[PDB]
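Asker: Provided herewith: my_file04.txt, compact mmCIF, C-alpha atoms.
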```txt
# COMPACT_ATOMS: atom_id res chain seq x y z
CA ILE X 6 -13.63 7.45 -19.48
CA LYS X 7 -9.96 7.93 -20.36
CA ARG X 8 -9.78 10.40 -23.27
CA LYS X 9 -6.35 8.93 -24.15
CA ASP X 10 -4.83 12.12 -22.69
CA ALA X 11 -6.79 13.23 -19.66
CA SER X 12 -9.32 11.16 -17.74
CA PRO X 13 -12.25 12.88 -15.96
CA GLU X 14 -10.08 12.55 -12.89
CA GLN X 15 -6.68 12.99 -14.53
CA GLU X 16 -7.77 16.33 -15.98
CA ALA X 17 -7.70 17.57 -12.40
CA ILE X 18 -5.35 15.08 -10.71
CA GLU X 19 -2.50 15.27 -13.20
CA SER X 20 -2.87 19.06 -13.40
CA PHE X 21 -3.01 19.32 -9.63
CA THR X 22 -0.45 16.70 -8.65
CA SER X 23 2.01 18.27 -11.14
CA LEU X 24 1.25 21.79 -9.83
CA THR X 25 1.64 20.62 -6.19
CA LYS X 26 4.36 18.04 -6.74
CA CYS X 27 2.44 15.51 -4.59
CA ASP X 28 1.32 11.96 -5.42
CA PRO X 29 -1.76 11.55 -7.71
CA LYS X 30 -3.61 9.84 -4.82
CA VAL X 31 -3.18 12.95 -2.66
CA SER X 32 -4.74 15.17 -5.33
CA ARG X 33 -7.60 12.64 -5.32
CA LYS X 34 -8.13 13.33 -1.60
CA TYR X 35 -8.11 17.15 -1.81
CA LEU X 36 -10.29 17.00 -4.93
CA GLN X 37 -12.81 14.79 -3.11
CA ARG X 38 -12.87 17.55 -0.46
CA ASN X 39 -13.94 20.14 -3.06
CA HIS X 40 -16.12 18.28 -5.61
CA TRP X 41 -13.06 17.88 -7.88
CA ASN X 42 -12.82 21.65 -8.38
CA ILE X 43 -9.14 22.28 -9.00
CA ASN X 44 -9.28 25.92 -7.83
CA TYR X 45 -11.08 25.17 -4.58
CA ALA X 46 -8.92 22.08 -4.04
CA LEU X 47 -5.70 24.08 -4.54
CA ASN X 48 -6.68 26.64 -1.89
CA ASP X 49 -7.53 23.82 0.54
CA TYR X 50 -4.20 22.06 -0.11
CA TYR X 51 -2.36 25.39 0.27
CA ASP X 52 -4.32 25.67 3.54
CA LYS X 53 -2.94 22.32 4.79
CA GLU X 54 0.58 22.00 3.36
CA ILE X 55 1.60 25.60 2.59
CA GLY X 56 -0.49 27.06 5.46
CA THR X 57 2.24 26.05 7.97
CA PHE X 58 5.22 27.88 6.47
CA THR X 59 5.67 29.98 9.59
CA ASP X 60 7.68 27.17 11.25
CA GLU X 61 10.75 29.40 11.03
CA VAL X 62 9.05 32.65 12.10
```
Once more with this new file: its structure as structure tokens, please.

Answerer:
Amino acid sequence: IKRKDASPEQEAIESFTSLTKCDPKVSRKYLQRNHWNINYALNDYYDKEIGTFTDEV
């Protein structure tokens, strides 16, 4: 149900995908890992993409 501004998905996906600079379909696969909880899904994504920063340490 698109609310002409933020779908039930886009209220997490567009907030997530803009905060993580990824593609909207990637937010959709870290949200589906955390029952579309944007806080839990952000820690999991920062555990997969940002959790490997030590590649120069």

Asker: Hey, can you check how far CA of residue 59 (chain X) sits from CA of residue 23 (chain X)?

Answerer: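 Separation between CA of residue 59 (chain X) and CA of residue 23 (chain X): 24.1 Å.
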
Asker: Expressed in Å to a single decimal, how great is the separation between CA of residue 32 (chain X) and CA of residue 18 (chain X)?

Answerer: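 Calculated distance between CA of residue 32 (chain X) and CA of residue 18 (chain X) is 5.4 Å.
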
Asker: Measure the distance from CA of residue 16 (chain X) to CA of residue 55 (chain X) in Å and round it to one decimal.

Answerer: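 Calculated distance between CA of residue 16 (chain X) and CA of residue 55 (chain X) is 22.8 Å.
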
Asker: Write out as JSON, numbers by chain which residues come within 10 Å of residue 21 (chain X) when counting only C-alpha atoms, dropping same-chain ones fewer than 6 positions away.

Answerer: {"X": [15, 27, 28, 29, 31, 32, 33, 35, 36, 43, 44, 46, 47, 50]}

Asker: Which residue is closest to residue 20 (chain X)? Choose from X:7, X:62, X:42, X:57 and count all atoms listed in the file.

Answerer: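 Of X:7, X:62, X:42, X:57, the one nearest residue 20 (chain X), counting all atoms listed in the file, is X:42.
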
Asker: Complete region 16-30 of chain X with N, CA and C atoms (output as a CSV table (one decimal), keeping the file's coordinate frame).

Answerer:
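The result, written out as part30.csv:
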```
chain,number,residue,atom,x,y,z
X,16,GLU,N,-7.8,15.0,-15.5
X,16,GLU,CA,-7.8,16.3,-16.0
X,16,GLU,C,-7.7,17.3,-14.8
X,17,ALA,N,-7.9,16.8,-13.6
X,17,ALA,CA,-7.7,17.6,-12.4
X,17,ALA,C,-6.5,17.0,-11.7
X,18,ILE,N,-6.4,15.7,-11.4
X,18,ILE,CA,-5.4,15.1,-10.7
X,18,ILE,C,-4.0,15.3,-11.3
X,19,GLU,N,-3.8,15.1,-12.6
X,19,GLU,CA,-2.5,15.3,-13.2
X,19,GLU,C,-2.1,16.7,-13.3
X,20,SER,N,-3.1,17.6,-13.3
X,20,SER,CA,-2.9,19.1,-13.4
X,20,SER,C,-2.5,19.6,-12.0
X,21,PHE,N,-3.1,18.9,-11.0
X,21,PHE,CA,-3.0,19.3,-9.6
X,21,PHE,C,-1.7,18.8,-9.1
X,22,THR,N,-1.6,17.4,-9.1
X,22,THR,CA,-0.4,16.7,-8.6
X,22,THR,C,0.9,17.2,-9.3
X,23,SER,N,0.8,17.7,-10.5
X,23,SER,CA,2.0,18.3,-11.1
X,23,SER,C,2.2,19.7,-10.7
X,24,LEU,N,1.2,20.4,-10.3
X,24,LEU,CA,1.2,21.8,-9.8
X,24,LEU,C,1.6,21.8,-8.3
X,25,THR,N,1.4,20.7,-7.6
X,25,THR,CA,1.6,20.6,-6.2
X,25,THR,C,2.7,19.6,-5.8
X,26,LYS,N,3.2,18.9,-6.9
X,26,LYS,CA,4.4,18.0,-6.7
X,26,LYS,C,4.1,16.9,-5.8
X,27,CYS,N,2.8,16.6,-5.5
X,27,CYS,CA,2.4,15.5,-4.6
X,27,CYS,C,2.2,14.2,-5.4
X,28,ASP,N,1.7,13.2,-4.8
X,28,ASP,CA,1.3,12.0,-5.4
X,28,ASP,C,-0.1,12.1,-6.0
X,29,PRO,N,-0.4,11.5,-7.1
X,29,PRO,CA,-1.8,11.6,-7.7
X,29,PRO,C,-2.9,11.1,-6.8
X,30,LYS,N,-2.6,10.3,-5.8
X,30,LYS,CA,-3.6,9.8,-4.8
X,30,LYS,C,-3.9,10.8,-3.7
```
